[PDB]
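Here the structure is laid out as structure tokens; the discussion comes afterwards.
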Amino acid sequence: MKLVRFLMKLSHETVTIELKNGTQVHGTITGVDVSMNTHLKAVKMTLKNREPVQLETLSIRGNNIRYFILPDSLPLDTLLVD
Amino acid sequence: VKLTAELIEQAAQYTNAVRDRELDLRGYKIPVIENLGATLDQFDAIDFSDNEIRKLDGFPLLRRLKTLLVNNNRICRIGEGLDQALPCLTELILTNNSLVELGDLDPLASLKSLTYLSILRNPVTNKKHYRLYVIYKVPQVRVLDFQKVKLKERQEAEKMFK
Amino acid sequence: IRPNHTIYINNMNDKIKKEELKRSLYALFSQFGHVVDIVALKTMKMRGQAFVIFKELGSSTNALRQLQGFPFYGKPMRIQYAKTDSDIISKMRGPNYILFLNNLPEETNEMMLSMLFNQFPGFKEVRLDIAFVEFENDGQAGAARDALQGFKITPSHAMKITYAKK
Amino acid sequence: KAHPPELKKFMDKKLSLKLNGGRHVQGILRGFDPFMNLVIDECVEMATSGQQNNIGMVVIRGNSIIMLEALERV
Amino acid sequence: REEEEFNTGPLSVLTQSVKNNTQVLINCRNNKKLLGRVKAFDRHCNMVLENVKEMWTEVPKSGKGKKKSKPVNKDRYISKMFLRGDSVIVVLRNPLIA
Amino acid sequence: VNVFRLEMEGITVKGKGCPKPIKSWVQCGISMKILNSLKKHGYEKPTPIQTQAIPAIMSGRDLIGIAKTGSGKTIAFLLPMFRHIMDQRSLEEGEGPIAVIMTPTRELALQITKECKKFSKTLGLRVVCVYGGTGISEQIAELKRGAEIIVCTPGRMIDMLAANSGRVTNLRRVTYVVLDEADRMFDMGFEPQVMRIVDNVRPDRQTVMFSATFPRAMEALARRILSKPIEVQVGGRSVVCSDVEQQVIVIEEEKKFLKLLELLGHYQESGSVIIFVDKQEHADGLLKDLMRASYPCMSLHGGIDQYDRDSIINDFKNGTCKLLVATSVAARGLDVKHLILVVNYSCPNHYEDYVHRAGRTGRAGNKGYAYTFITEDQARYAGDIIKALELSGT
Amino acid sequence: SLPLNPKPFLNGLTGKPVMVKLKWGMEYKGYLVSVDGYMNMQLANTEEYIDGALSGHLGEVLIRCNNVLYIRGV
Amino acid sequence: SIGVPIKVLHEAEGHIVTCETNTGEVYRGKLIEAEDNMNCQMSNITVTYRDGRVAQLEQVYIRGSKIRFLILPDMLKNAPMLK
Amino acid sequence: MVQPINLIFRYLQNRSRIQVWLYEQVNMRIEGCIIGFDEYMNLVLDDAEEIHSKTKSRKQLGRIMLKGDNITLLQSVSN
Amino acid sequence: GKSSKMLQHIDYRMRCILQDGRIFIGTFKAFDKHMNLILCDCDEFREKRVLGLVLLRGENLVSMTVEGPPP
RNA sequence: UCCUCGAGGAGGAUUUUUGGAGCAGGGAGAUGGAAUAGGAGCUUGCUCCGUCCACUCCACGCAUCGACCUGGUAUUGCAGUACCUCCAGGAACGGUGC
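Protein chains in written order, with the numbering used here: chain S, 401 to 482; chain B, 757 to 918; chain C, -9 to 156; chain D, 16 to 89; chain L, 1448 to 1545; chain Z, 2 to 395; chain E, 2 to 75; chain R, 67 to 149; chain P, 59 to 137; chain X, 1276 to 1346.
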């Protein structure tokens, strides 16, 4: 029903987030709030026509995230049960 | 009292009068400037006034370093790898130093981003045609010893020793 | 004019930019001490003038004495003491051991003598046209005797400080 | 919540409003709204060439309101 | 109230994608069309899908330079992804799984 | 096999066809509401008067119970009546109660109504709310909505029967007639009111009477209103004889032989006495100790032969043996006229053996002496001995 | 005529061939099947039109309220 | 119901501040009215935009919808803003 | 004080032709007669016409349901 | 649950990237539900621009990361 | 009211977060270049066509203000600041509307 409870239970997983400006940040999801505030640690960000930069921490808002990319070994069938 | 990581981590850091992040490292009497990797290029200015540094070298790669205060020291030689470690170095205050010859200003020509240089209160400034040699060797510098470089001084520097 | 932490320089070149002149004044004042603030305006009332407020009053006095009449951007700037106190300094604020003083003004209170002796570090006590100032340190008392020998305070008379005898 | 904007002092005063896309209008306000909607009676809009065109009483929504400058001393 | 509006309104067109396990296409604002099976949905159109194929077209964008060369189309595949309902512009359901 | 131990507990029972007393309320033939009220009230073990009155009221016969004050006679009259009302439900007719409880006082009637409401808790059965000296309109409005039991005053019941507010029909109206404090109802003051209450009643209906005291004339007056009554009091069933004097002394196990030697030496308890023992070997040792102390004594137990026991019984009957030691087998059934003294040096585990040993001496209206030595090990039988002494009047 | 609210007008437009044009310039023409209270549209046998020219048929098309600019009942 | 940056913006009313809009327009002057929805109404304001068209107006009103940032003096960053 | 909702109700009762400008689109506007309105500023225009100022053309559509999130300015015209 | 993602970076120098491509490096002091950041003595990089105490709205924020140690 | 085995215990519709965002830089000239990176006429040389920068021409794309450089010129003034004298030339930069 609510996607925020499913996104909050995806902690300690290496995922990727593509923004609306073409910047893709790949990192381990460590913190998710009700407003989809993605706080990741040891992330790598690649902007549009720029070099990738590695950061120890990153905080991306929910309104600035356009798409997400999860690994194929993620238990989406078990995490969907509330 | 050498410059270490514990001395840089315990030093005060704040905002200067030009709204830049400056760390006050004065009153330490460091004989050699080293172990600057603990700052991780988080400071825009370096306040190393009233020290005992003999050579301005041994600095790591810091792209955010734009101002360097080396006043009231005994700096007599400049390192040749200053451009590879500070590409954005624009302010260099070397007043009251131990520079005696103009040949120490030859590694200072590699800093293309340097625009403000201070070489006052030095025996190298008392030599003949020191300002013309500093204008000819460093054309990127616009302000030398709190004086704006004019076109006539550039023409006089380009005429002699061509 | 009493010495303060803020030194005001005037008769400078007003054709340069405000930020470049402020950076040049900060680079000039960094050789004498830590510059806490730099007040520089370019309006019709404050044209061609600026001021630097430092942490210590001795560094500001040395910068006013050394750079008196120094050529700054083609024009020799004149440095002097500030009339009032700075706002940042007001926000941040709120041989022998005994020295003999002669030809002291009788209208000066103990607070003015304490503010005059505050250039040296903390002393033991003060005694009040003759006065006796005793410091806790010998080197601080020697520096206070060497500094107050002909100081510029109450210029109608001349103050003389000498070391006490046994 | 839902506090109305402080538009009581700018009532019946000739002000110039800026709208998105680079639009400029000038007119007298005739009311207020909690959704930042302004009614400008006898409004005149500035064209691209510089000529003013009178559009009469218009209604400007708060979604495209950029800046409103009062041309009269209040 | 909410379940009847979700099973009788436009969201039922999403609910036919997860119940019958059909493939639908989503055209986004970045000129990209992703065809896939909708696995999880919500009220804010948060679509978590699996086995998606995203196709678009790109220009060289001053790649080499001198005044004669054309853009080209491209496509890629993702195992599992999740897209928010803000960037979803068009959603088309078509019998393409059969 | 312990059915005699419930009757020996001290509960005089009289009548023909009396049912067995129940051990607990869970196996007494009660309904779920009565068991729920007994569990909510905190009753872990039922009263013996209640255990004697509840099967007699559940069987449908008339019962007359007498006990001490505060023994739970109201609960013993309310619980089997509510159990029979819940198990055998009938149609609640207009102005007709299923039970009639007679109380001599208004406060006692209010307490009986409160006990009936507590026994019928968490149910739709509301019995009565009426008392003397109050408004009759509120009582008539409370009784007109439905009345299961009728617990009130005889004067208020006569006023309700005279004004056609409450009466007993002929075919099927009430099945139980309760009478609380029947000693006051059978007196000269409440005689015609109780007579008019018992005359206008159903023929097929049980009559229950409970009181703290019961004279002979009041019991003879109350027995005429009931049909084949069952009496239940304390104590008569398996009780000690009142003609034999019972004495209990607190002594040790080793001091019992010294007390018996002092009673045989100083007092006249050596000749013509029967001494009860615990075992046969202890009885033989006591007989050998009595024979070694220059006293003629005989013994009769299971370890000896039948001919030797018959010779010992003949010597005790003729007068050849002064004392006769015997086990618990010779305590009951033995009828010897020479047995005047009964010395119980070893206390038995059951009170029936002690009652048989006390009743063996001083029978057929004659007097007798019974002296028992109570030790610290027989702590469980001390309450039974105290109950037997209270029932026999010792 | 009588002032009609847009919600019964959207409820009564179901089953009729309409065309919804978005802010990007593209339009979808088809029979309106579902219209909820959040101004969302779901149509069947939709055809795409761009710059006055037809693109192709898609079938059941779902358009949200954040992208749809206008709708016209044909 | 009231935020701490909203309280800091409401407490800074009456000082020489500036508000830079999303289009680049910087309205500078004394903040006369500051509501909870970032509505900045200033008197004797000055327009210095990213376009650079610097002018002086008697009164200006910028809403919080197109407001990008606000430059305030550092007189209220010490107390009671220290948490 | 004149409310905008009261002005919209008076314009719907008068049945006058009004022109609506779009948000971030100055080249094309709409024009028509508003019949009804709602709380979300949804206009129902009868015999509406899209006027393009760049091409100087007018394309009629008919009954149009314009949302209030796109209409930035609305003025009254005499035509 | 704990909501300690914004409280751990309090009183620290962070660099927030805007939507138009600007970067504001300042000391984050407080926040709110609308992600309103108050950066005292912040620098604007894209060149250096002296700004100071800049109160940027949460609608123009994209990403934020740690810059260095607290002063 | 709950637990234990009838009982016991106690919030996608105007100012913030489900986005009104995406895309392209005017035209011409036997102009010039793809060291290692286009295809075809199946290397190399040549010819043709859907990607930039430099200069020239039409319509220095246009007008605006801010920052900035040269020369001349005025102000000598004690303050906590969007920015600060004026004239003329050049236009390397920013954004606004067409």
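The C-beta atom is built at its ideal place from N, Cα and C for all residues, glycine as well.
Beta-carbon proximity list for residue i, same chain, < 8 Å, skipping 5 on both sides
i                  : result
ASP1318 of chain X : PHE1299, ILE1300, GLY1301, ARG1324, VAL1325 and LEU1326
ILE76 of chain P   : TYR69, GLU89, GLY90, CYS91, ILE92, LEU132, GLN133, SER134 and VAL135
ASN1335 of chain X : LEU1293, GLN1294 and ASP1295
Closest residue to residue i among the options (Cα-Cα distance)
i                  : options                                   : result
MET42 of chain E   : L:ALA1545, L:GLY1512 and L:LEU1539        : L:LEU1539
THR48 of chain Z   : Z:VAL195, Z:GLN234 and Z:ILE313           : Z:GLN234
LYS23 of chain D   : D:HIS39, D:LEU34, D:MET51 and D:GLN67     : D:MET51
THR321 of chain Z  : Z:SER312, Z:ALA327, Z:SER243 and Z:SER329 : Z:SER312
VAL899 of chain B  : B:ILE875, B:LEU781 and B:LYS884           : B:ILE875
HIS1309 of chain X : X:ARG1321, X:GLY1333 and X:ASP1316        : X:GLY1333
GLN1283 of chain X : S:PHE468, S:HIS426, S:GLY431 and S:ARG466 : S:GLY431
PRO85 of chain C   : C:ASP4, C:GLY129 and C:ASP27              : C:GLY129
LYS40 of chain Z   : Z:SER121, Z:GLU93, Z:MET59 and Z:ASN3     : Z:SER121
Contact test: residue i Cβ vs the ligand ZN heavy atom, cutoff 8 Å
i                 : result
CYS322 of chain Z : This structure simply doesn't include the ligand ZN, nor any ligand for that matter.
Listed by chain order, chain C residues near residue i by CB distance under 9 Å
i                 : result
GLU847 of chain B : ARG13 and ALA17
Contacts of residue i in chain X (Cβ-Cβ under 8 Å)
i                 : result
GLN769 of chain B : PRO1344 and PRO1346
Residue i: contacting residues in chain E (beta-carbon distance under 9 Å)
i                : result
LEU70 of chain P : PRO4
Contact list for residue i against chain L, beta-carbon separation under 7 Å
i                 : result
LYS402 of chain S : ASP1489
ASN12 of chain E  : Ordered by position in chain L, no residue passes the 7 Å Cβ test against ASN12 of chain E, which lies about 12 Å from the chain.
Residue i: contacting residues in chain S (beta-carbon distance under 8 Å)
i                  : result
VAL1460 of chain L : Near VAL1460 of chain L there are no residues of chain S at all, since even the closest Cβ is about 18 Å away, more than 8 Å.
Closer than 7 Å at the beta carbon, the chain B residues around residue i
i                : result
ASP27 of chain C : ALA773
Residues of its chain near residue i, where Cβ-Cβ distance is below 7 Å and the 5 sequence neighbours each way are ignored
i                 : result
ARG107 of chain Z : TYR132, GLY133, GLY134 and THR154
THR89 of chain R  : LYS132
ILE226 of chain Z : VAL199 and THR208
Chain R residues whose Cβ lies nearer than 7 Å to that of residue i
i                : result
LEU83 of chain D : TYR127
Chain R residues whose Cβ lies nearer than 8 Å to that of residue i
i                  : result
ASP1307 of chain X : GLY69, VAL70, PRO71 and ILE72
Under 8 Å by beta carbon: chain E residues contacting residue i
i                  : result
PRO1457 of chain L : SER35, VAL36, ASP37, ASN41, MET42, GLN43 and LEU63
Within chain P, partners of residue i - CB distance below 8 Å
i                : result
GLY42 of chain D : Simply none; closest approach about 11 Å.
Amino acids of chain B, ordered along the chain, whose beta-carbon sits closer than 8 Å to that of residue i
i                  : result
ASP1318 of chain X : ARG775, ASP776, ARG777 and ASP800
Amino acids of chain D, ordered along the chain, whose beta-carbon sits closer than 7 Å to that of residue i
i                 : result
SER134 of chain P : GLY71 and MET72
7 Å Cβ cut-off: residues of chain P touching residue i
i                : result
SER79 of chain D : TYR81 and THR130
### Query
Relative to chain L, which residues along the segment 48 to 63 of chain E have a C-beta separation below 8 Å, given in chain order?
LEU59, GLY60, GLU61, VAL62 and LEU63
Problem set entry | chain S contacts made by the segment 1322 to 1338 of chain X, where a contact means CB separation under 9 Å | Residues of the segment 1322 to 1338 of chain X with a Cβ closer than 9 Å to any Cβ of chain S, in chain order: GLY1333, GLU1334, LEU1336, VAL1337 and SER1338.
Between the segment 790 to 821 of chain B and chain X, which residues of the former have CB atoms less than 7 Å from a CB of the latter, in chain order?
So the close ones are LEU796 and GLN798.
Is the segment 456 to 476 of chain S close to the segment 441 to 448 of chain S, with three or more CB pairs under 8 Å? yes
Contact between the segment 86 to 94 of chain R and the segment 48 to 64 of chain E: three or more CB pairs below 8 Å?
Judged by Cβ distances under 8 Å, the segment 86 to 94 of chain R makes no contact with the segment 48 to 64 of chain E, as fewer than three pairs qualify.
If you measure beta-carbon to beta-carbon, which residues of the segment 431 to 461 of chain S are closer than 7 Å to chain X?
For the segment 431 to 461 of chain S, which is checked against every Cβ of chain X, the residues closer than 7 Å are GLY431, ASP433, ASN437, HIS439, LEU455, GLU456, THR457, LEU458, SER459, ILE460 and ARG461.
| query | If we count Cβ pairs, one from each stretch, closer than 8 Å, do we get three or more for the segment 111 to 119 of chain C versus the segment 88 to 100 of chain C? | reply | Touching, per the Cβ criterion.
Touching by the beta-carbon criterion (3+ pairs, under 8 Å), the segment 1506 to 1516 of chain L and the segment 1489 to 1496 of chain L: no
Near-chain X residues of the segment 413 to 424 of chain S (beta-carbon distance less than 9 Å), N- to C-terminal order
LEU419, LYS420, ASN421 and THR423
Under 7 Å, CB to CB, which of the residues in the segment 47 to 74 of chain D have a partner in chain P?
Of all residues in the segment 47 to 74 of chain D, only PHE47, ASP48, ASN52, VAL54, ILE70, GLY71, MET72, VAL73 and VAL74 place a beta-carbon less than 7 Å from a beta-carbon of chain P.
Three-pair Cβ contact test at 8 Å for the segment 274 to 286 of chain Z versus the segment 343 to 351 of chain Z
Touching, per the Cβ criterion.
With 7 Å as the limit, tell me which residues of the segment 86 to 112 of chain P have their beta carbon closer than that to any beta carbon of chain E; keep them in chain order.
Flagged, chain order: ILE93, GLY94, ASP96, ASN100 and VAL102.
Should the segment 349 to 357 of chain Z be called in touch with the segment 203 to 220 of chain Z, which here means at least 3 C-beta pairs below 8 Å?
Cβ pair count under 8 Å is below three, so no.
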